[PDB]
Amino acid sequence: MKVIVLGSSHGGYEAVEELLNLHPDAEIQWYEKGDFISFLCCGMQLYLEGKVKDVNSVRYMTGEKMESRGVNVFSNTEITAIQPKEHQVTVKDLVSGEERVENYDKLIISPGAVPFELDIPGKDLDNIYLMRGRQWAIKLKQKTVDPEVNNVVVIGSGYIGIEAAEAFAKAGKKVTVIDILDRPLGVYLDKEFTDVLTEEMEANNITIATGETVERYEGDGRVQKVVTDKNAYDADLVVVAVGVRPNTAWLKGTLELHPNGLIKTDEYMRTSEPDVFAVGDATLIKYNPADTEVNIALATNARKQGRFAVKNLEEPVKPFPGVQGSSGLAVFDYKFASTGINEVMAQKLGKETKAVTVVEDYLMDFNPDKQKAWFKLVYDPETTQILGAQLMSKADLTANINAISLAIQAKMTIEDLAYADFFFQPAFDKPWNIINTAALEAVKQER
């Protein structure tokens, strides 16, 4: 069986891993149009902040290693087109220009996504950067120590934008974050959490300008100003982290796409065409909190879908179990994590929820290491099943969100979590830990 896998990032890499242990016998070709195999974009912040000194170590696989395992790795080779009926792909070697057609028995593609740009006047004056991949990581890092960069503007206040804003604020630059949305990180966290994080960011001279539409970049050769409908901001560097587009235009006419460019797949990762599977950022994934398919562009999702594509290679035998959307990140001293439905998700999906928020010290009063922690539990008003949770503290309590993710998947209720057995020891927590306490509050609210 000859299987071709497109993409060496999270979704394609795990399909190769699961092929190696489920079909050791197969002839496996792994294609990557880029120069570098399996660079970890998730580690870009640690590199920009100087935690990791070598950009080339921010990866999780090399072509050499995979070749030792019998995989044929083709870097700098792009799959240009798929001919699904005759089961062929045309590939182009980017260093020699040579094209060739390759046949396959099964094809698994994980084409990913590309940074969304603002097509506006000034569009590319110099020093308007993006944040995806090795080359952008290297260029961003050079700007961190450049004495000419004093003001950086990042457009977009989501996860990637706040990572870039933190990295340049720590490098000693003045940062403004501009977005049309009214709260930073709103997709991940509710208002009582983002109010705290906004104050923390402003304390580290990050100005957050929300509710502003960027109209044009101005400058002589290189950017000098970002002007919005409401204001103009000096900028020596702009990082655009507004969002991402699926890398699927080359597939229009070959595979069925959704109106937004996402590849249509079923629960076995199959596309509209026989023997081609699609995984990762370019697809929708079963979202268990709301029993629907949502696009959740996370490394965790692409890795699991990658393995489930191989499980269903010969037969639709293993439906995807679904995910909850779990994410976590540190923003200066605060470490937060969240899963399931929050305010922005409930609005988008049209879902009614109830919630309790507990803000108190997570250790008992006599313990000098006690610190405040915020926990919000979101549940279904009718069944009281758990729908989501968010937590934050300068102490790392994020591993507790892993239990809430399982609780949503298991359809547990606030009563189940109120009396769930979580260990107690006074150097670690209170007799009713952070999850029990919030669920105990929800039980009182529904009495």
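We number the residues from 1 along the sequence you see.
Q: With reference to the PDB entry, specify whether the mean Cα temperature factor is higher for 331-339 or for 142-150.
A: That would be 142-150.
Q: Using only the Cα atoms and their B-factors as the entry lists them, report which of 242-250 and 279-287 averages higher.
A: Stretch with the higher mean C-alpha B-factor: 242-250.
Q: Can you tell me which of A113, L262, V196, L125 has the maximum CA B-factor listed in the PDB entry?
A: Among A113, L262, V196, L125, the highest C-alpha B-factor in the entry belongs to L125.
Q: Of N301, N295, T176, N204, which one's C-alpha B factor is largest in the deposited record?
A: Largest recorded C-alpha B-factor: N204.
Q: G34: which third of its chain by C-alpha temperature factor?
A: For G34, the deposited C-alpha B-factor lands in the middle third.
Q: Compared with the other modelled residues in the chain, in which third is the CA B-factor of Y233?
A: It belongs to the highest third of the chain when residues are ordered by C-alpha B-factor.
Q: Compare the C-alpha B factor of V443 with those of the other modelled residues in its chain, then answer lowest, middle or highest third.
A: It belongs to the highest third of the chain when residues are ordered by C-alpha B-factor.
Q: Divide the modelled residues of the chain into thirds by Cα B-factor and specify which third, lowest, middle or highest, holds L6.
A: Lowest third of the chain for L6's C-alpha B-factor.
Q: Place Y104 in the lowest, middle or highest third of its chain's C-alpha B-factors, as listed in the PDB entry.
A: Middle third, going by the recorded CA B-factors of the chain.
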